[PDB]
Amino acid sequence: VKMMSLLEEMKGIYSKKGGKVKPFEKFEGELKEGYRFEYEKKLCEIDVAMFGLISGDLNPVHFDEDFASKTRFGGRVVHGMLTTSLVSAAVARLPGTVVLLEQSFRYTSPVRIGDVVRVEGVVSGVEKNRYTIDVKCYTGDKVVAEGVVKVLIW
């Protein structure tokens, strides 16, 4: 499989189905304790469908408008692990080669289909080349997830 060709083909299909292609641009500055960054992306139907396919998570609460409307949520919600997948994208943009070591999140409020999710991170710890980062994910001013990740940076 030629990955670069596959990605290019899928990018075209994704964009036609309403997906937002996020350019992969590294953040700037010296990484250190207190370093802050932010990253945001809209999560639309296509993102939810693709997440369901690749994970196998076809939970009706994320897909079936009528089913979800009868639940305590009163409508569909995006997978929590799709929301937090944006944190992977955010830390991947830090200077250097970044590898995820740990993640821990609590989901605080649902994300609805079409919502823009904003990740805000701050480096709270640096031990050798392992960076501990406090993270909150938002839709507008509302916290939708909060937690901590640790990454290795080469």
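Counting begins at 1, following the sequence as shown.
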**Request:** With reference to the PDB entry, specify whether the mean Cα temperature factor is higher for 35-43 or for 22-30.
**Result:** 22-30
**Per the entry, higher mean C-alpha B factor between 9-17 and 142-150** = 9-17
**Request:** Name the third of the chain's ranked CA B-factors that contains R72, choosing lowest, middle or highest.
**Result:** highest
**Item:** For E102, the third of its chain into which the C-alpha B factor falls
**Value:** lowest
**Asked** Comparing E120 with the other modelled residues of its chain, is its CA B-factor in the lowest, middle or highest third?
**Response** middle
**Prompt:** Hey, what third does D64 fall into on Cα B-factor, ranked over its chain?
**Reply:** highest
